[PDB]
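The chain below stands alone, shown as structure tokens; this is the form deposited in one PDB entry.
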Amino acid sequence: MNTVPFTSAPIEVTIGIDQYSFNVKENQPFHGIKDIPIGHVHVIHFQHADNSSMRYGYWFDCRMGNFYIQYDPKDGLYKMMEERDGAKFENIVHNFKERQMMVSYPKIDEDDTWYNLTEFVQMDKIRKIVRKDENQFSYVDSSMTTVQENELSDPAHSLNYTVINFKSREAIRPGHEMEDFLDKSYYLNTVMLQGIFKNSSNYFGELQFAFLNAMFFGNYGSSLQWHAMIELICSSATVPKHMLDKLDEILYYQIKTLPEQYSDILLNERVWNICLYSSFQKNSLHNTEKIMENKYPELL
């Protein structure tokens, strides 16, 4: 069980750790988060009490190094940093634990929610979508635009999601215009799965990462990416049986975890109605259709 210590908390802030969140008061003796489960990526995220605009945060994996948070009064945010001195770090964590100045990652033993949201998400794939190669952790915020959003401006601060465009030469084989537009199987299976992602695990990893950025940061481009990746599968007549069964599980946990009050801004009516009721896969997503119909029958 790993630890992300905090130097201090000089400004009042709501702190997220994965799907959990805690209020910290200005200058409260808060020194971090302990008992973080090894084996998963994690996100530690922030919303300042005095500017609820710019949700921002850090994707990390405790197996890749010793990470801490320190407030920067110049840039005005909580920054993630790596401590290269193992013995200094162990000595910092042990002191803060002894003085019980750390919140415990509050996982219920029965509860597979975080596993179910991050099953295919790998830190090495995150670091290719979020490019800042001198750090082992990845910064995301509310305002970062995607490579696709930038085509339609600072390339260094962009989310490099895989570009999906249903009306693009990549999506449509010359001479198969109607076939490829109405049945996206070619685009899903040859171009995206065999061509770019190499396997369904990498595709699902990006889909799950896009959802979490949408949910935790209200990142609009992430939301567009999550919907495009759902729609590409649902609009294909030919999808491997294992991919459909796994997609149903993925979407079920995403819809289950979404705050009820954000469904209006995080769910695209057109895509979900199309996916559940008109698409080739209208009858393939039993779990997802049942939770959507019982939780968000207004949207449908």
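Residues that one form lacks are left out of the comparison. Between two forms, the rigid core is defined as the largest C-alpha subset superposing within 1.5 Å. Residue numbers run from 1 along the displayed sequence.
One more form of this protein, solved in complex with a small molecule, exists but is not displayed; see below.
Partner contact for residue 98 in the deposited bound form: the small molecule, 4.5 angstroms, heavy atom = Within the cut-off, so yes.
query = residue 191 near the small molecule in the deposited bound form, any heavy atom under 4.5 Å?
reply = Output for residue 191 is no: heavy atoms all beyond 4.5 Å of the small molecule.
request  = Report yes if any heavy atom of residue 183 sits within 4.5 Å of a heavy atom of the small molecule in the deposited bound form; otherwise report no.
outcome  = Flag for residue 183 set to no.
query = Can residue 179 be called a contact residue for the small molecule in the deposited bound form at 4.5 Å between heavy atoms?
reply = Residue 179: no, not in contact with the small molecule in the deposited bound form.
inquiry  = Where exactly does the backbone move between this form and the one not shown? Looking for runs of 3+ consecutive residues, each with a CA shift of 2 angstroms or more after core alignment.
reply    = The segment that shifts (3 or more residues, C-alpha shift of 2 Å or more) is 96-99 alone.
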